[PDB]
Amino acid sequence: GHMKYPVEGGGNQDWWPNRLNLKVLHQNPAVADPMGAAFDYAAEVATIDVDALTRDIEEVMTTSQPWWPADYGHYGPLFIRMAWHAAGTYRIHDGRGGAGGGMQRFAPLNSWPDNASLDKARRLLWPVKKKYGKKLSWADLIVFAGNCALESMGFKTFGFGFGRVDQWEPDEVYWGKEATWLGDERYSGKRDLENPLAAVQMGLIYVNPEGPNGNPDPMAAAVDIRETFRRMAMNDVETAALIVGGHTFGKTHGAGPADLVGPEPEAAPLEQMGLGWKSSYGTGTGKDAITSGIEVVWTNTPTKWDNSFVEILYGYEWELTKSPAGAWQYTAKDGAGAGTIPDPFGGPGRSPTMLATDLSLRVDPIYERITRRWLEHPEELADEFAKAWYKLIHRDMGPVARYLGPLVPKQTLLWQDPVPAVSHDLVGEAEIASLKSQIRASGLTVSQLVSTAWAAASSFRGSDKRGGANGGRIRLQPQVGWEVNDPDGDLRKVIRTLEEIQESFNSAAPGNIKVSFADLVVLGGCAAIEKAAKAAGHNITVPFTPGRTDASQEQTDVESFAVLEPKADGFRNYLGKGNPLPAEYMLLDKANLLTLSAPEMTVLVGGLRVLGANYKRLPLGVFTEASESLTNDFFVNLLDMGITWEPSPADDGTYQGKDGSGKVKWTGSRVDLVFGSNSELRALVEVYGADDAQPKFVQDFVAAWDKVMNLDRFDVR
């Protein structure tokens, strides 16, 4: 090999391929943002003329462009595929992917094999982006176009929320280990798909349209469909409705041999203006288009909503055949239905065809019961598809406070993890100060209050904006039983004591002021940090913003919240089972899910350690003689060369720090020691460990703590 210039990718990872990469903590940096610090997308959206935008998109859909002519004179079906693929990268294990960031317009997503021809689809929408400018993000426009396509062709949607802020460099996500496009090294056992992946091959959205590993077995395909769609939060009914609703429209494209199609966009020459897959087969577009290599038109009305998909699926019998490009597909036996399917550009009619994965909807016994019902009750298909499409397009939107615009339906939905609206006045300064005194008098310790507030708030992940302290779900299933929240420990005791303080305050509060349990959990940790700071000689106030409300168990989908359980939390020195990488890599990944920077991660680790937030109160990394006071002792002692560190004499993967005499003075984990070992992290530790640093450390810790407490608080932003 050869090292390259940095402008062509060269860097330190070339010399140390397995090295920790702190760059995951400065994605989408502000310097790369052309918007400027004061840009307020929520304010811009609040002025869009949605009616005019809808009409402009309708005009785009029906004005064929010569560099990519419109099938059946309507770009609508292409836009529905575009939006489904935009939202279709989402996965429940880490919440990454989805349409919330407009990542389809960036690498690697813009060059995935499954996203072929969507470069043209996005390009066709520039006249709309041009007209509305900063008032309309690409992220919102890409999925709104699909929604507009559905409605222009006869399907009434449940609603739509704006508010996806455009980003300026791609979100870097692990999509699999395979170094070859469409590769498959992600299965073990019978058919166990590797966590956290939610597609069957590298570069696919969900499953292979020719069946598993190219084998058109519809029964086996249904196994992959059920599992990948499950990992995108869709059940059997939602999955069938989505696939039936989608393939009601449009067609596939495989008019000629695939080896006439040029490189994907990121590998394409300059003159192609960011487009890829340039084909030399005929015109390369339109009637000669090659996208997937399959040549299927599902229904006889590809630009209209109706029930002809299930009517055709159950109306014919199906046999295996090949497309002009050599891909497996199915067509009606016995020449049935010849000439009944229209051609996109006025040619002769064709025969009915289906993908192997479409036939899964009829061959799989669960899908068959669902889809056969819709033969005589298409009103139930329309209702399920509207609910599933709405959930698909908004899955990573977070709390409903973020949904913007005039098309947001206000019905509450269980999958949105709803919290009640506020129904009383909120606590003010005098009540907050009075609730703080009850907490100090309750006997709850700094460790208990800090650990409980962190456990509730650190369930947030910025990937799909789920979790957080709002809802007070730490006292509900499944969070109250999570191992890292330690049900065996004081958690139930802390919950009971906080509920007593809540009831006690609410029975004598002024006016109709009342405090929620969810607010009291956060307030307790804030009050404990104020006490711990004073105990170290710092008079500081921790910010506190009220307004969290208390969800009930009936409003908390227990199974849905399973994916939010921390399998690792280096901020509590906790490492569960099943993590893909050593503990210091999972620490950085956890900090990324919390939207934390490297300095913010560093102050929080050092602070939480000396506050007693550790899992099971382990002494690992507690480099202080003044526990439960907020000092910078963690950083001072970590940089002390009077300590000699060694792997423990037990073979448990921890470390022993010995002083000059040989006595073990400290113990620590990989998460603890990486801050004194990694050269970029140690640079940060040396800032907070200096003689002048303790006021700055306390200030920075409180700021990072306040950030974590407020991660899900879009209701007051």
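Residues carry their position along the shown sequence, with the first being 1.
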Averaged over C-alpha atoms, is the B-factor higher for 333-341 or for 246-254 in this PDB entry? 333-341
Is the mean CA B factor in the deposited entry higher across 517-525 or across 540-548? 540-548
Residue, from 177, 156, 91, 572, that the PDB entry assigns the highest Cα B-factor: 156
Would you mind checking which of 201, 560, 353, 416 has the top Cα temperature factor in the PDB entry? 560
Chain-relative C-alpha B factor for residue 19 (record values, thirds): the highest
When the deposited Cα B-factors of this chain's modelled residues are ordered and cut into thirds, is residue 411 in the lowest, the middle or the highest one? highest
Where does residue 668 sit by CA temperature factor within its chain: lowest, middle or highest third? middle
Assert third(CA B-factor, residue 301) within chain per record equals highest
For residue 160, return the chain-relative third of its C-alpha B-factor as stated in the PDB record: lowest, middle or highest. lowest
